[PDB]
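Participant: Below is the structure I would like to discuss, written out as structure tokens.
Cβ placement follows ideal geometry from the backbone for every residue including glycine, while neighbour counts extend to all protein chains displayed. Bear in mind these aren't lab numbers, they're just calculated from the coordinates by the rules spelled out.
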Amino acid sequence: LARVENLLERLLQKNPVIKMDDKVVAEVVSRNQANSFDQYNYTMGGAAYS
Amino acid sequence: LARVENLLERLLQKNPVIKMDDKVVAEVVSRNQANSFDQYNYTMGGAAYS
Amino acid sequence: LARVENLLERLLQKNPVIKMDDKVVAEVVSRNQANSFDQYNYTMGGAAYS
Amino acid sequence: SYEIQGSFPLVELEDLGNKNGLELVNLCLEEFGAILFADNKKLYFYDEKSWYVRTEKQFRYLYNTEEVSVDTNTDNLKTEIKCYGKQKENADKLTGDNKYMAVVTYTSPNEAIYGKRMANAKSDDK
Amino acid sequence: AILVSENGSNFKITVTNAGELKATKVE
Amino acid sequence: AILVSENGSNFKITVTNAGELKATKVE
Amino acid sequence: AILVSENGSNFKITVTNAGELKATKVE
């Protein structure tokens, strides 16, 4: 059972840090904001950028 | 003890994927950006949208 | 072996909720959007805010 | 209340007024190149010379700093410019740069390390 | 032994949910 | 013995990956 | 068997913290 403990310790070594990308998050946020902007423009007729 | 591993491997099947909704994230980001914009506008008097 | 169960239960008590800051996310998103805007402005010569 | 500590040049302005206090303070900061710091309700306006004070405290790598970031942009790196002055009365009757009594092309020395990077012409009619 | 099994099952079942609260809304 | 070793070997694969799917892209 | 319990305790205690770095800042 000692090697089970050794493997569990080695598996506890792993850093609990999960790097998450920022460029894709920004692009998705921009797309959703654009959807909201288009909705608001449509509800205002055409008195906006387009 | 076999059914211990039965449940352990059955619940290992769990997908390590947590889907997070983009709409709420975008709305929160927009609100925080609006707070920052209001702060900046206040610091420059009223030389902005309002 | 009872205290094994006691400690594991006490540690299962933990809330599986991890709050993540929103101001930092908003600032990162704003910086990335600024980078994209600067890229688009450069590709369009200078026909933008600067 | 306001206090001034430093030397500032003269700036010519048009129809000064019709603004709130903060707008005029920002105009002063932008034009005269002053730095504003407030002791509660008393605004001190320094210049670059009297604002910064030298100190023996220092930033050292691996000692008291963790993350250092430098953002460098060269989208507006320009080493040449053409500018026009006021407009002559016989602007229609004249052709080319003769329309202005003041036409000048300025080239920065940094061109020697960056080449000719000329920007869009800016016009001042005063 | 069986208590270990039940505790591990409940632990992973609770772990499935995960958090990521923005301010108060989920995700 | 073999049971907890299998537990560790299984925990190696899944928990490392993590989720956080934006809409369909990773992170 | 007791060190199995200690390993599980430290395991889940380390699991608590979680990551989600933006670029270098936390959350």
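Participant: If you check B:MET20, B:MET44, which single one turns out to be within 30 Å of A:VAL28 (Cβ to Cβ) and of a type in the set (A, V, I, L, M)?
Facilitator: B:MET20
Participant: Moving on. Hey, among the residues in region D:1-53 that are assigned to a helix (DSSP H, G or I) and among the small types (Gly, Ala, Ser), which one's nearest to the chain's Cα centre (by Cα)?
Facilitator: D:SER50
Participant: Restricting attention to region D:29-56, which residues are closer than 23 Å to D:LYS126 by Cα, within 14 Å of another protein chain (Cβ to nearest Cβ) and in contact with a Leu (Cβ under 8 Å, 6 or more places away or on another chain)?
Facilitator: D:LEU29
Participant: Give the residues of region B:1-22 that are more than 7 Å from chain F (Cβ to nearest Cβ) and loosely packed, with under 13 Cβ neighbours inside 10 Å, sorted by residue number.
Facilitator: B:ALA2, B:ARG3, B:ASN6, B:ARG10, B:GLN13, B:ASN15
Participant: Can you find a residue that is outside any helix (DSSP H, G or I) and closer than 20 Å to D:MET118 by Cα anywhere in region C:34-44?
Facilitator: Yes, there is a match, as at least one residue in region C:34-44 is outside any helix (DSSP H, G or I) and closer than 20 Å to D:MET118 by Cα.
Participant: Restricting to region E:14-27, count the residues that are assigned to a helix (DSSP H, G or I) and within 7 Å of chain B (Cβ to nearest Cβ). Spell out the reasoning first.
Facilitator: Residues of region E:14-27 assigned to a helix (DSSP H, G or I): E:14-17.
Now narrow it down to the ones that are within 7 Å of chain B (Cβ to nearest Cβ): E:16.
Final tally of qualifying residues: 1.
Participant: Here's a follow-up. Test each condition in (1) without any contact (Cβ under 8 Å) to a residue 12 or more places away in the chain; (2) under 26 Å from C:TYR40 (Cα atoms); (3) among the basic types (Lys, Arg) for D:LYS78 and report the one that comes out false.
Facilitator: Exception for D:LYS78: condition (1).
Participant: Out of region D:86-114, which residues are surrounded by 10 or more Cβ atoms within 10 Å (Cβ to Cβ), assigned to a loop (DSSP other than H, G, I, E, B) and over 20 Å from the mean Cα position of the chain (by Cα)?
Facilitator: Of everything in region D:86-114, those that are surrounded by 10 or more Cβ atoms within 10 Å (Cβ to Cβ), assigned to a loop (DSSP other than H, G, I, E, B) and over 20 Å from the mean Cα position of the chain (by Cα) turn out to be D:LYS86, D:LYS88, D:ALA91, D:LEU94, D:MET101, D:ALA102.
Participant: Identify all residues within region D:85-126 that are more than 19 Å from D:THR74 (Cβ to Cβ) and acidic (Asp, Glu); write none if there are none.
Facilitator: Within region D:85-126, D:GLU89, D:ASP92, D:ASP97, D:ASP124, D:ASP125 qualify.
Participant: Suppose we filter chain C for residues that are farther than 26 Å from B:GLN33 by Cα and of a type in the set (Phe, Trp, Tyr); how many remain?
Facilitator: Within chain C, residues that are farther than 26 Å from B:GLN33 by Cα and of a type in the set (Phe, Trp, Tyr) number 0.
Participant: Still on this model: Inspect region D:53-62 for any residue being in contact with a strand residue (DSSP E or B) (Cβ under 9 Å, 6 or more places away or on another chain) and of a type outside the set (A, V, I, L, M) and give the result as yes or no.
Facilitator: yes
Participant: Considering only region D:15-27, state which residues are under 26 Å from B:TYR40 (Cβ atoms) and either surrounded by 11 or more Cβ atoms within 10 Å (Cβ to Cβ) or among the acidic types (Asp, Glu) (or both).
Facilitator: D:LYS19, D:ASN20, D:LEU22, D:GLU23, D:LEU24, D:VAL25, D:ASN26, D:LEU27
Participant: State which residue is nearest to D:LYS122 (Cα to Cα) when the search covers only region D:73-85 and only residues that are surrounded by 14 or more Cβ atoms within 10 Å (Cβ to Cβ) and out of contact with any helix residue (DSSP H, G or I) (no Cβ under 6 Å at 6 or more places or on another chain).
Facilitator: Here is the first cut: in region D:73-85, the ones surrounded by 14 or more Cβ atoms within 10 Å (Cβ to Cβ) are D:78-85.
Within this subset, residues satisfying the condition of being out of contact with any helix residue (DSSP H, G or I) (no Cβ under 6 Å at 6 or more places or on another chain) are D:78, D:80-85.
Numbers: D:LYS78: 13, D:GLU80: 12, D:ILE81: 8, D:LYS82: 7, D:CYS83: 5, D:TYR84: 7, D:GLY85: 9 Å.
Among residues in region D:73-85 that are surrounded by 14 or more Cβ atoms within 10 Å (Cβ to Cβ) and out of contact with any helix residue (DSSP H, G or I) (no Cβ under 6 Å at 6 or more places or on another chain), the one nearest to D:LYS122 (Cα to Cα) is D:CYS83.
Participant: Let me ask something else. Quick check: is even one residue across region B:6-19 assigned to a loop (DSSP other than H, G, I, E, B) and either more than 27 Å from the chain's Cα centre (by Cα) or farther than 15 Å from F:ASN10 by Cβ (or both)?
Facilitator: yes
Participant: I've got another one for you. Suppose we keep only residues that are surrounded by 13 or more Cβ atoms within 10 Å (Cβ to Cβ) and small (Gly, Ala, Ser) within region E:1-22. Which one would you say is nearest to B:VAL17 (Cα to Cα)?
Facilitator: Filtering region E:1-22 for residues that are surrounded by 13 or more Cβ atoms within 10 Å (Cβ to Cβ) and small (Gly, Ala, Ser), the one nearest to B:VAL17 (Cα to Cα) comes out as E:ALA18.
Participant: Regarding A:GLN39, is this residue among the polar types (S, T, N, Q), free of Cβ contacts under 8 Å to residues at least 40 places away in the same chain, at negative phi and within 13 Å of chain G (Cβ to nearest Cβ)? Write out each step before concluding.
Facilitator: Values: among the polar types (S, T, N, Q): yes; free of Cβ contacts under 8 Å to residues at least 40 places away in the same chain: yes; at negative phi: yes; within 13 Å of chain G (Cβ to nearest Cβ): no.
No: the conditions fail for A:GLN39.
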